[PDB]
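Note sheet for the following structure.
Taken together, the values in this text are just the output of simple stated rules run on the coordinates, not laboratory data. No Cβ is skipped: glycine too gets one built from the backbone with ideal geometry, and neighbour counts run over all protein chains shown.
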Amino acid sequence: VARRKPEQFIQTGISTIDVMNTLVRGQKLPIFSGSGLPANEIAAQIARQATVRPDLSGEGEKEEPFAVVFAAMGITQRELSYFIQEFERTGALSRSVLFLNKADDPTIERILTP
Amino acid sequence: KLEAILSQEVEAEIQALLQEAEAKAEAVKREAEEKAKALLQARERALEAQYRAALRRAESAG
């Protein structure tokens, strides 16, 4: 009851989404990924090219701070650093909250952390 | 006369050829200006990028 239909779209920097599905606030959109397939590569693209329209939709929300939250649930040696070095590309490491869970970290905290 | 025919078969070729080669000497030179301009257009954007990134980094860092 407290929600209502959103309608302010964002630039994901991938054309295909912002035409066909239209990724708006308060909406989920899982990115299905196979096993033997990358998952990391594609994810990074959405994180450094996530940005509201300034008035291309008829308005912005750039007037209020945009920020990102992260939380990984099981990551190796490469996926650890790979994410961190693209967050310095993002320029966000002073306005983000990271809840990294590794595989060297307990297996029980893989469902707590979410 | 007959020598006046001879001067006209030449005088025709030697303007066709030299008009053609003053429009290749134009053409190469037009593309040469339009390239140097564009290799500096990409240089202009690059520097800007590096400054917009740079300042954001120093704001976050601090």
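With the convex hull drawn over the C-alpha atoms of chain A, the volume per residue is 154 Å³. The mean number of partner chain beta-carbon atoms within 10 angstrom of a residue's beta-carbon across peptide A:92-104 is 1.
Per-residue ellipticity at 222 nm computed for the protein assembly as shown from its helices equals -14000 deg cm²/dmol, with DSSP H segments shorter than 4 residues left out and the rest contributing -39,500 (n - 2.57).
Near A:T51, the amide H atoms lying under 5 Å from its own belong to A:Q11; only residues 5 or more places off or on other chains count, and H is placed 1.01 Å from N. How many angstrom lie between the Cα centre of segment B:4-62 and the Cα centre of segment A:98-114? Result: 58 Å between the Cα centres. With a Förster radius of 25 Å applied to the beta-carbon distance between A:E109 and A:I42, the computed FRET efficiency rounds to 0.45. Derived scalar couplings between HN and Hα for segment B:34-48 equal 5, 6, 4, 3, 5, 7, 9, 6, 6, 5, 3, 5, 4, 4, 4 Hz in order, rounded to whole Hz, by the Karplus curve 6.51 cos²θ - 1.76 cosθ + 1.60 (θ = phi - 60°), x for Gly and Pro. For segment A:47-114, the fraction of C-alpha pairs more than 18 angstrom apart is 50%.
With 10 angstrom as the radius, rank A:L93, A:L23 by how many other C-beta atoms surround their C-beta, starting from the fewest.
Exposure proxy ranking, most exposed first: A:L93, A:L23.
Note on chain B: GNM, Cα springs under 10 Å; of B:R43, B:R30, B:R52, the largest mean-square fluctuation is that of B:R52. Label sites at B:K24 and B:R57, each approximated as a point 7 angstrom past Cα along Cα to Cβ, lie 4.9 nm apart.
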